[PDB]
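**Q** Quick one, what's the 3D model for this:
(one chain, ligands or ions: 3)
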Amino acid sequence: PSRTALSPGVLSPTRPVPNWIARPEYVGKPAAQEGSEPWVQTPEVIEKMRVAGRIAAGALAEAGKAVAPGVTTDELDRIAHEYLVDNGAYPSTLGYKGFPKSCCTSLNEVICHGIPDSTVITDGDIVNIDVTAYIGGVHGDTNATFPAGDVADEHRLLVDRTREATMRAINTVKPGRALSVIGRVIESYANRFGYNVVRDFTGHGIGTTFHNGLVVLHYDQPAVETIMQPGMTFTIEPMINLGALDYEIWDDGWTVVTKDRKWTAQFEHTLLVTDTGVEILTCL
Ligand SMILES: CO[C@@H](C(=O)NC1Cc2ccccc2C1)[C@H](O)[C@@H](O)[C@H](O)/C=C/C(C)(C)C
Ligand code: NI
Ligand code: NI
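**A** Residues are numbered from 1 along each chain as shown. Ligands and ions are numbered 1, 2, ... in the order given. The relevant structure is shown in the block below.
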């Protein structure tokens, strides 16, 4: 047997960032200045995004190594926060439209945007950790779902198939392909198992802004005309549900849970379209 439905816990104090680490412009403001930027980045931006991606990937790996029964989602946050700040990076989630921590921790039925808190991880849980780094004036965004102890076969299979769906989507990325192939591949694959692909939350262009206005759908919609072009940078971050798509948002305004409380899994990379294919920027 697995855990029953989650409830929100209490937050730890806001974690400090040394002043020499530049903040993204949106910290503490009600909105963010993003959504109207070009989608193909300059070479100088791309090189800085390889640095930001690798530091985010390090933070996600360190916190992922800590996922185990008995560890709280707040403890994960502490590890991601400390890794980012000790690398001179600002945690892009911290202060984004009031979000109060340095990564998102989404267990079980939480589709996305769970807030690290006093929740204790237990055996059987699946734990998504999503960390973004801001450094060099650019962002790098990556996430993965980690099993805690021995996870039930249907939950294990959902995690592993969601990882596969993400890899197959990444492997489609090539200049000249329609962006819509990403969702086509993910949804076709997911539907083989009777899973449902979340529609209202998507991937996104990323560069000097966190969500740059480019939207990357994870379901099939070939009416989107956008093509992949060298220099384009975006995330692929499918959330795939065992149950129905209907969801609710907790009173914190952030935590998104499945209404039927069936579990859901996600993985994410920041990608660069190169002249021949793809380069994963959030790579160790
Ligand atoms: C799933 O989550 C992604 C997400 O909300 N996409 C948006 C959902 C959406 C809906 C319509 C149009 C664009 C987009 C991009 C998001 O980009 C995460 O990967 C990121 O790490 C977290 C950001 C905070 C918690 C600070 C918000
Ligand atoms: Ni993310
Ligand atoms: Ni993202």
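**Q** switch to C-alpha atoms for all contacts and neighbour counts from now on
**A** Noted.
**Q** what does stretch 102-111 contact?
**A** 5-6, 73, 77, 80-81, 91-94, 112-116, 125-132, 239, 241, 255-258, 261-266 (CA atoms under 8 Å, 6 or more residues apart in numbering).
**Q** Could you show which parts of the stretch 51-200 of the chain are in contact with ligand 2?
**A** 130, 141 (CA under 5 Å from the ion).
**Q** Try it again at 6 Å.
**A** 130-131, 141-143 (CA under 6 Å from the ion).
**Q** how near is whatever residue of the stretch 101-250 of the chain ends up closest to ligand 1 to ligand 2?
**A** The minimum distance from the stretch 101-250 of the chain to ligand 1, using CA to the nearest ligand atom, falls at residue 201 (4.0 Å). As judged by CA to the ion, to the nearest Å, residue 201 and ligand 2 stand 11 Å apart.
**Q** ditto for residue 136
**A** With CA to the ion as the criterion, residue 136 and ligand 2 are 18 Å apart.
**Q** my read: that residue touches residue 48, true?
**A** Yes - here residue 136 reaches residue 48: they are 5.9 Å apart, a contact under CA atoms under 8 Å.
**Q** what helix or strand does the nearest residue to residue 233 once chain neighbours are set aside sit in?
**A** Leaving aside its sequence neighbours, residue 233 sits nearest to residue 272 (CA to CA, 6 or more residues apart in numbering; 4.6 Å). When elements are assigned from DSSP states H and E, residue 272 belongs to strand 269-273.
**Q** Is ligand 1 within reach of that strand?
**A** No - applying CA under 6 Å from any ligand atom, one finds strand 269-273 separated from ligand 1 by no less than 8.8 Å.
**Q** which residues touch that strand?
**A** 46, 53, 140-143, 170, 173-175, 206, 228-237, 278-282.
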